Each structure stands twice: as C-alpha cells, then as structure tokens.
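These protein sequences, in sequence, are chains A and B. The first sequence runs 18 to 265 under the deposited numbering. The second sequence runs 18 to 265 under the deposited numbering. Every residue gets a Cβ at the ideal spot worked out from N, C-alpha and C, and that includes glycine.
2 protein chains.
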Amino acid sequence: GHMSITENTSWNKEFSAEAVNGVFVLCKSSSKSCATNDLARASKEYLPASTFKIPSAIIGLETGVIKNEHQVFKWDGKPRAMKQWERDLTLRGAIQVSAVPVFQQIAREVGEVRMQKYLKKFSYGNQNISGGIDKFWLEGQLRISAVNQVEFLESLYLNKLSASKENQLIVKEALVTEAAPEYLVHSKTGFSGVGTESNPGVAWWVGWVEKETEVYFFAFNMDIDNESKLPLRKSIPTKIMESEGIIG
Amino acid sequence: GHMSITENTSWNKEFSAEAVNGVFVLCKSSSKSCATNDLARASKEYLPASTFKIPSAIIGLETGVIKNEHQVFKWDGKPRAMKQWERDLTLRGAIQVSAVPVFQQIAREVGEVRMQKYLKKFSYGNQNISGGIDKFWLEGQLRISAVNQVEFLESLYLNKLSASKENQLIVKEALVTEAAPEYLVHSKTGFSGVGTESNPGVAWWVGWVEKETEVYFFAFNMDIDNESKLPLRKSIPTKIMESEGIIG
Numbered sequence: 018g019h020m021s022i023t024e025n026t027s028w029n030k031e032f033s034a035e036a037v038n039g040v041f042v043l044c045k046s047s048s049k050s051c052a053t054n055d056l057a058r059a060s061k062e063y064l065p066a067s068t069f070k071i072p073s074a075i076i077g078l079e080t081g082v083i084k085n086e087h088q089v090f091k092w093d094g095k096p097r098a099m100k101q102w103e104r105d106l107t108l109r110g111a112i113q114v115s116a117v118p119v120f121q122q123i124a125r126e127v128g129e130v131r132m133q134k135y136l137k138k139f140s141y142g143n144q145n146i147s148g149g150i151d152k153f154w155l156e157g158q159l160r161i162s163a164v165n166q167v168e169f170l171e172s173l174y175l176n177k178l179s180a181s182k183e184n185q186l187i188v189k190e191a192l193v194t195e196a197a198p199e200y201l202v203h204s205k206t207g208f209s210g211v212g213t214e215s216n217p218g219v220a221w222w223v224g225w226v227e228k229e230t231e232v233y234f235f236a237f238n239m240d241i242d243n244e245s246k247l248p249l250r251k252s253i254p255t256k257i258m259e260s261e262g263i264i265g
Numbered sequence: 018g019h020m021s022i023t024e025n026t027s028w029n030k031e032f033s034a035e036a037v038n039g040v041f042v043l044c045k046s047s048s049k050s051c052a053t054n055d056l057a058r059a060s061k062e063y064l065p066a067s068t069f070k071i072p073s074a075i076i077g078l079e080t081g082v083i084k085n086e087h088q089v090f091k092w093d094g095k096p097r098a099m100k101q102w103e104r105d106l107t108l109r110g111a112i113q114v115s116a117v118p119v120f121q122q123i124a125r126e127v128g129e130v131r132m133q134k135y136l137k138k139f140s141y142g143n144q145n146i147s148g149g150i151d152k153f154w155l156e157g158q159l160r161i162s163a164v165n166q167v168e169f170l171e172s173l174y175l176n177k178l179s180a181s182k183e184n185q186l187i188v189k190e191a192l193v194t195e196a197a198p199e200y201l202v203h204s205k206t207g208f209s210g211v212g213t214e215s216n217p218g219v220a221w222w223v224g225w226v227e228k229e230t231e232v233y234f235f236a237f238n239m240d241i242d243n244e245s246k247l248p249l250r251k252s253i254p255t256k257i258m259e260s261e262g263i264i265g
C-alpha cells in the first residue's frame with residue numbers, strides 16, 4: 018500500500034498493565050496516517066480466526082452462495098459447539114455471534130477455487146487457504162497482519178474491494194456494533210484459541226469508528242494462552258482510543 | 018398493495034393513559050400481517066415532517082445531488098434554529114440529528130420536477146409538494162398515513178423501491194438507531210410543530226425491528242399541541258412492542 022505508520026511507545030502503558038504482548042494500529046482518515054505501539058508486530062501475520070467472517074461474507078454474496086442479505090441460515094437441530102449457535106440465524110446474526118459452522122458451510126459451497134480467487138483480489142494476508150476448505154482460517158496456514166486488516170477494512174469502508182458495492186454495503190451493515198446519532202462503530206472480534214506450549218493463540222478486534230465527519234480504522238491483536246484474558250482484546254484498544262479523544 | 022390489517026382496541030390502553038389521540042401500526046414479517054389500535058386513523062394522512070428525510074435522502078442519491086454516502090454537508094457559519102446543526106454533517110449525521118436546512122438545501126437542488134416524479138414512483142402519500150419546494154413536508158400540502166409509511170418502509174427493507182439497491186442500503190445504514198447482536202432497529206422521528214388547539218400538529222416514529230430471524234415494521238403518529246408530550250412518540254410504541262415480546 019501507501020501506508021504511513023508511526024511508532025508511539027507511549028501506548029505500551031496499556032499493555033504492560035496486564036502483561037499483554039500485542040499490537041494496536043490506529044489510522045485517522047486513511048492509511049496515510051497510522052500509529053502503532055509496535056511496528057514489528059503491526060506487520061506480523063497471524064491466523065485471522067473469526068475476523069475472516071468479513072471477507073467470507075462478501076465472498077459468499079459475490080458467488081451467490083449467500084443469496085442476498087435476507088438469507089436465513091437454518092439450524093439442523095444437531096449439536097453445535099456453542100449454545101448461542103443452536104438456532105436459525107440471519108447473516109448479521111451469524112457474524113455477530115461468530116457462528117463458525119455457518120461460515121464453514123459457506124466456505125465449503127464457495128469452494129477452494131473461488132476462495133483463492135477472491136483472497137487474491139482482496140490482497141488478504143498470505144492468501145494461503147491450503148489444508149481444508151472449512152478450517153483454513155481457524156487452524157490452517159492463512160495469516161494476516163494488523164496493517165493488512167486496516168488496509169482491507171479501509172477498502173471495505175470506501176467500497177473499493179473487488180466486489181459489488183451492494184455486497185460491501187450488506188456486510189458493513191452486519192458489522193455495526195454501536196449506533197448513536199453521531200457515533201457509529203463497525204467491528205469484529207476473533208480468537209484462535211489458547212494455542213499450545215510456547216505457541217500462544219491470537220485474539221483480535223478490528224473495525225472502524227465514524228465520529229462526526231471523521232473516520233478511524235483500527236486493528237488490535239494479542240497473544241493469548243488463557244480465555245480469561247479475552248476481554249482485554251476490546252478494553253486495551255478502547256482505553257487507547259479514549260486517550261485519543263475518539264471514544265467519549 | 019396487499020396489506021392485511023386487524024383492529025385491536027386493547028392497545029388504546031397505552032394511549033388513554035396519557036390522553037393521546039394517535040395510531041400505532043405494527044406488522045410481523047410483512048404487510049400481510051398488521052395490527053392497529055384504530056383502523057380509520059391508520060389510513061389517515063398527516064404531515065411527514067422529518068420522516069420525509071427517508072425518501073428525500075434516497076432521491077438525493079438517485080439524482081446525484083448527494084454524490085455518495087461519504088458526502089459531507091458543510092456548515093457555513095450562519096446561525097441555524099438549533100446548536101446541534103451548527104457543524105458539518107455526514108448524510109447519516111444529518112438524518113439522525115434531523116438537520117432541516119441540509120434537507121431544505123437538498124430539496125432545492127433536486128427541484129420540484131424530480132421530486133414529483135420520485136414521490137410518484139414511491140407511492141408516497143398524497144404526493145402533493147405544493148407551496149414550499151423547501152417546506153412542503155414541514156408546512157405544505159404533503160400528507161402520508163401510517164399504513165403508507167409501513168408499506169414504504171417494507172419496500173425499502175426489501176430493496177423494492179424504484180431506486181438502485183445500493184442507494185437503498187446507504188439510506189438504511191443511516192437509519193440504524195440501535196445495534197446489538199440479534200437486535201437491530203432502523204427508525205426515524207418527526208414533529209411538524211405544536212400547531213393550534215383546533216388543528217394540533219403531529220409527532221411520528223416509524224421504522225422496523227429485526228429480532229432473531231423476525232422483522233417487525235411500525236409506524237406511530239399522534240396529535241400534539243404541547244412539546245412536553247413529544248417523547249410519548251417513543252414510549253407508547255415501545256410499551257406496545259414490549260407487550261408483544263418485541264422489545265428485547
């Protein structure tokens with residue numbers, strides 16, 4: 018891209034408090050003005066986990082696998098890994114509750130050939146989908162950096178991905194997580210799991226904030242080996258955005 | 018259209034509690050299953066006031082007067098009737114804070130001819146934009162019923178208005194007023210003024226609620242001659258919707 022990124026070690030204060038190894042990337046207006054606590058980690062690539070439901074939803078719409086925004090994903094009554102998935106869901110519903118089996122079936126119907134095509138068009142991380150069509154974003158070799166997330170979300174915000182504008186808009190409405198008269202957040206979490214010995218998992222929070230006529234893009238990730246640390250994925254970025262005057 | 022509407026006089030309870038003359042229309046799934054406290058008033062046409070900045074936004078975008086969803090509406094410094102308008106505004110911001118001058122200006126640009134044609138394509142009320150190219154929906158001759166509002170909003174929800182799908186989606190995102198996992202409200206208020214004792218003005222609340230995989234369309238209006246009653250345009254529909262198990 019044409020990203021211009023400045024390291025700002027003052028942000029590390031928010032991480033040391035809870036002994037978190039992670040990165041926050043925050044861009045005002047565009048990728049031409051980004052800041053981070055850690056330039057090295059900003060460009061390091063991790064498993065996307067549920068953040069991948071953003072490209073996946075757009076690819077589902079583009080291919081016709083998802084017929085339109087009113088598509089209902091019916092639950093077959095068989096056990097699913099979380100109780101909050103054991104129910105019929107809309108597209109927004111499935112994204113918001115990170116309904117993995119819904120997106121596993123989307124991925125299967127999209128198929129390897131089309132999936133590869135679109136991750137190339139989107140410049141989505143290392144674009145490596147190998148090893149199983151219904152789990153490459155969960156435990157396979159797909160990797161993306163915080164910098165790449167921000168660039169990808171900026172394109173989405175601008176309707177500049179190689180997808181119809183209407184498909185980008187549908188997926189954006191599905192990502193709205195806070196709506197006030199002059200404060201709108203689009204965001205998505207992810208969590209790969211707790212990893213293995215000496216190879217922690219990754220937790221994500223990515224999105225953008227529209228406050229007045231200003232827009233801020235963000236991507237956070239952190240190493241995680243314990244599920245009780247999970248809420249830090251939103252609290253640390255929230256604190257940093259508060260200190261910048263974005264939130265509150 | 019094909020609306021099927023049943024009168025249920027029990028709802029009148031939440032009106033008489035407050036000495037309000039008004040109507041509420043509430044439809045589950047589609048206009049094929051609607052209910053109201055008062056059939057006659059449901060079809061009676063009133064000034065849309067700020068609820069007109071839904072069709073006018075679409076018209077704005079369809080005509081080119083609004084270039085896209087990222088257009089900024091620049092303030093000029095000159096006073097406006099309220100403080101919250103004295104600032105630049107996104108399309109969303111202006112809808113959500115209900116910036117009359119922004120929309121006055123949009124109407125002027127679209128002009129009477131284009132406005133007439135589109136209000137006809139949209140079957141919007143009595144389609145009378147007389148005596149105020151920039152005032153017809155606030156003081157002029159334009160009238161629309163609760164039933165018509167509902168049918169219009171369902172059209173918008175389904176992307177079935179005579180406008181590109183993308184413009185419908187742009188305006189829909191601007192109407193989001195509440196966003197939770199599994200609960201999404203799109204909505205828009207209106208007021209027109211306190212009028213007289215003989216001829217009181219009207220207050221509106223219109224929109225839809227997506228809950229689980231269900232959708233509910235609503236339109237409320239009421240007679241209003243005292244500004245202190247203005248929040249009832251929300252509390253009465255809210256109480257009716259709660260008792261239907263909707264406000265989760």
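Count the other CB atoms within 10 Å of the CB of residue i; is the residue buried (16 or more) or exposed (fewer)?
i	result
residue 236(B)	buried
residue 204(B)	buried
residue 128(B)	exposed
residue 258(B)	buried
residue 86(B)	buried
residue 166(A)	buried
residue 113(B)	buried
residue 232(B)	buried
residue 72(B)	buried
residue 107(A)	buried
residue 21(A)	exposed
residue 39(B)	buried
residue 219(A)	buried
residue 193(B)	buried
DSSP beta-bridge partners for residue i?
i	result
residue 63(B)	161(B)
residue 226(B)	202(B), 233(B)
residue 262(A)	Its beta-bridge partners do not exist; DSSP assigns none.
residue 90(A)	106(A)
residue 241(B)	218(B)
residue 43(B)	52(B), 235(B)
residue 208(A)	220(A)
residue 197(A)	200(A)
residue 271(B)	In the structure as shown, chain B begins at 18 and stops at 265. Residue 271(B) is therefore absent and cannot be evaluated.
residue 24(A)	53(A)
residue 213(A)	216(A)
Taking C-beta pairs closer than 8 Å, name the residues in chain A that residue i reaches, listed in chain order.
i	result
residue 230(B)	89, 105, 106, 107, 110
residue 182(B)	183
Give the interface partners of residue i over in chain A, defined as CB-CB distance under 7 Å, in chain order.
i	result
residue 196(B)	193, 194, 195, 196
Starting from the beta carbon of residue i, find every residue of chain B whose beta carbon is closer than 7 Å, and list them in chain order.
i	result
residue 201(A)	109
Name the chain B residues whose beta carbon is nearer than 8 Å to that of residue i?
i	result
residue 187(A)	186
residue 190(A)	186, 189, 190, 193
Flag residue i as yes when its Cβ comes closer than 7 Å to any non-hydrogen atom of the ligand GDP, and as no otherwise.
i	result
residue 217(A)	Of the ligands one can find in the structure shown there are none, so the ligand GDP has no counterpart to examine.
Does residue i get closer than 8 Å to chain C when you measure Cβ to Cβ?
i	result
residue 210(B)	As a matter of chain content, chain C is missing from the structure shown, whose protein chains are A and B.
Which residues, in order along the region 109 to 134 of chain A, keep a beta-carbon less than 8 Å from a beta-carbon of chain B?
109, 110, 113, 114
Between the region 181 to 195 of chain B and the region 179 to 193 of chain A, can you find at least three pairs of beta-carbon atoms closer than 8 Å?
yes
Can we say the region 63 to 71 of chain A touches the region 110 to 121 of chain A, given the rule of at least three CB pairs closer than 8 Å?
yes
How do the region 22 to 33 of chain A and the region 52 to 60 of chain A stand: do at least 3 beta-carbon pairs fall below 8 Å, yes or no?
yes
Inter-stretch contact at 8 Å, needing at least 3 Cβ pairs: the region 205 to 214 of chain B / the region 238 to 245 of chain B:
yes
Using a Cβ distance threshold of 8 Å, determine whether the region 218 to 234 of chain A contacts the region 167 to 177 of chain A, with at least three qualifying pairs required.
yes
Contact between the region 81 to 100 of chain B and the region 157 to 172 of chain A (3+ Cβ pairs under 8 Å):
no
Any contact between the region 160 to 169 of chain B and the region 130 to 149 of chain B? By contact I mean 3 or more CB pairs, one from each, below 8 Å.
yes
Count the CB pairs spanning the region 129 to 136 of chain B and the region 145 to 157 of chain B that are closer than 8 Å, and state whether there are at least three.
yes
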